[PDB]
Every structure is written in structure tokens, then in C-alpha cells.
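The sequence shown lines up with residues 7 to 43, 50 to 141 when you count with PDB author numbering.
No residue lacks a Cβ here, since even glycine has one placed at the ideal position from N, Cα and C.
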Amino acid sequence: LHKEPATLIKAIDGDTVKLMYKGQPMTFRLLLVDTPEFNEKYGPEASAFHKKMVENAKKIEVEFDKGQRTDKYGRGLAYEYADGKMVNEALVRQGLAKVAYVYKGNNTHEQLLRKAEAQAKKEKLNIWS
Ligand SMILES: Cc1cn([C@H]2C[C@H](OP(=O)(O)O)[C@@H](COP(=O)(O)O)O2)c(=O)[nH]c1=O
Ligand SMILES: [Ca+2]
């Protein structure tokens, strides 16, 4: 897998964001995770966390997996990195997302994310409190 450049257009919520990629505005949905919706418990905090992580970054990158790159809603499916740190893994590690939506052929970072989830759960963080 390869990291590709993108720039932030706008924060949306815990697991979606508007980025510019190859010079086109796209909504990205983060692979392998599920954040609560904004109206649900920990939704606000998931949104804030994702927002902060990407607004503070100097360099956003997106990494596509081996499978489909866009979902049925036209959202880009990627791992997102903020100054080299994966946003998908960070949300899970903080108990602000669950590992989810693990489809065959787009699951390269499954086990990395599951390890983060086990550690968030041990610590009783947020969703696991
Ligand atoms: C993360 C992800 C979601 N989706 C689709 C599945 C779900 O369809 P449904 O809309 O039919 O429930 C939806 C979940 O996204 P959200 O959690 O953003 O709603 O997005 C994919 O198709 N591929 C993916 O990798
Ligand atoms: Ca969601």
C-alpha cells in the first residue's frame, strides 16, 4: 500500500471527511472503523477528535487498500494519515471507534486496528467505559 497526497477541505464527522484528492473534492469514509453518529453517545467526541487531528496536520495523506476505492455512495475508501499517524487507528485506540465493516480485499490494516481496539477496551476508554 502507498500513501498519496490530499489536502483538507472540511471536517465532517468521526469517520468521514472532505478532502481534495488528485485535485477533486471527495468525501472519504475511513476504512475498517465505525464512529458513533454525531447525535449518538461519543459522536460529538469522535467528530472533534477526527477534526482536530486533521486540522492540526501539516500533511494529510490517503492510502487506498487493494479493493474497491469508492463505496456505493461515491465516498472514497481509505486509510487517512495526519503527519504520518493513522487517523483510523487513533480513533480506535481512543475508544472513539469500533473496528467494523471489514470486507475481504480491503482489510490490510485489520489486525493493527484490532490490536488498538483491545488496548482501548482494556483501558475502558470512552465507548468501552
Ligand atoms: C466503511 C465502509 C462502509 N460501506 C457502506 C456500508 C454501509 O451501507 P449502509 O448505508 O447500507 O448501511 C455504509 C456504512 O457507512 P456509515 O457508517 O458511514 O453509515 O457504508 C462500504 O460499503 N464499504 C466500506 O468499507
Ligand atoms: Ca458511522
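Residue i lies in the alpha helix (DSSP H); which residues open and close that run?
i	result
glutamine 123	122-134
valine 104	99-105
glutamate 57	55-67
Using 8 Å as the threshold, is the C-beta distance between residue i and residue j below it?
i	j	result
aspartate 40	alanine 112	yes
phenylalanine 34	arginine 87	yes
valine 66	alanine 17	yes
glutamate 122	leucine 36	no
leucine 125	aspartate 77	no
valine 104	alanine 132	yes
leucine 38	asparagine 119	yes
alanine 94	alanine 69	yes
Which residue wins for smallest C-alpha separation from residue i, given the options the options?
i	options	result
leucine 108	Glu10, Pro56 and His8	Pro56
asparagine 100	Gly79, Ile72, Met26 and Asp83	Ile72
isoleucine 139	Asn118, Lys97 and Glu52	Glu52
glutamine 80	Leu14, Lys97 and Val114	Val114
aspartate 21	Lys9, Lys64 and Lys28	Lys64
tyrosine 54	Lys110, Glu135, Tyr27 and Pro11	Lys110
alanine 102	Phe61, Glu135 and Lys136	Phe61
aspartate 83	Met98, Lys97, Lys9 and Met32	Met32
Per DSSP, residue i is paired with what?
i	result
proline 31	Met26
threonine 13	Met26
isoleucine 72	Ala12 and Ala94
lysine 110	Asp40
Which residue comes first and which comes last in the beta strand (DSSP E) that contains residue i?
i	result
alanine 94	88-94
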